[PDB]
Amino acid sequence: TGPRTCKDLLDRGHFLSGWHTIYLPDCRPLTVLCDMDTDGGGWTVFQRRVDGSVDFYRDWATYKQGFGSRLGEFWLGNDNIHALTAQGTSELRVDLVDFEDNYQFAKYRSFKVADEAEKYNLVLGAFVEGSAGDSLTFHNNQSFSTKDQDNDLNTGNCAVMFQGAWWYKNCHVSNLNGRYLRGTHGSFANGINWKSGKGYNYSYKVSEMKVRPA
């Protein structure tokens, strides 16, 4: 009866990026950011970093419900991301911009996060292409971890050691919910980092993670 994705909104003539209401599988309305420009348009954005205004070093409950601002930076929420990716096949695009306004990206053929009981386990399909290189396949089939809920494969606490929240193993090659450290940083791997892109010592200006039906 109503649009189920950003792709449906684009097909109905909504050509400007912006926040729109879609209807989840259980018919629950959810207001989401549609990217109607990048790579054909019709992407639903679930993470956005742009200026460091929002604290991403948050706990399990906050990541679960979503946080931030429609005017800037946000994480849409693990329950919503699960609901968006649970049924069907959604492709993942990651877009990264450095402080000299160079763009890189990574695209994966499928992406989903499982539900809370499986700790928002990441299920990721094949790397398809991207100038940022592949720094997410390494995290496939890992639980999500936050500072207060360590589900990683390190004897210590990765979320604390890298000041983020992610599908940490031992520990990471990407850390996009890390600190907004602004370009090159001496501190090791605690910024908005993508190892195969700018490496463990460069924190991007912009990060966006988004999905679209395959």
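In case it trips you up, residue 1 is the first one in the sequence shown, and so on.
> With respect to the recorded C-alpha B factors, which stretch has the higher mean value, 82-90 or 136-144?
Replying inline: Per the PDB record, 82-90.
> For the stretches 100-108 and 70-78, which has the higher mean C-alpha B-factor as given in the deposited record?
Replying inline: That would be 100-108.
> Looking at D39, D55, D59, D35, which has the highest Cα B-factor in the entry?
Replying inline: Of the options given, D39 has the highest CA B-factor in the PDB entry.
> Taking the values straight from the PDB record, which of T44, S174, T184, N170 has the highest C-alpha temperature factor?
Replying inline: In the PDB entry, the greatest C-alpha B-factor among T44, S174, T184, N170 is found at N170.
>> Lowest, middle or highest third: which one holds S196 when the chain's residues are ordered by CA B-factor from the entry?
In response: Answer is middle: the recorded C-alpha B-factor places it there.
>> How does the C-alpha B factor of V211 compare with the rest of the chain: lowest, middle or highest third?
In response: Within its chain, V211 is a lowest-third residue by C-alpha B-factor, going by the deposited values.
>> Among the modelled residues of this chain, does the Cα B factor of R12 put it in the lowest, middle or highest third?
In response: Its C-alpha B-factor, which the entry lists for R12, ranks in the highest third among residues of this chain.
> By its CA B factor, does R48 count among the lowest, middle or highest third of the modelled residues in the chain?
Replying inline: Tercile = lowest for this residue's CA B-factor.
>> Ranking the modelled residues of this chain by C-alpha B-factor as given in the entry, is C27 in the lowest, middle or highest third?
In response: Its C-alpha B-factor belongs to the highest third of this chain's values.
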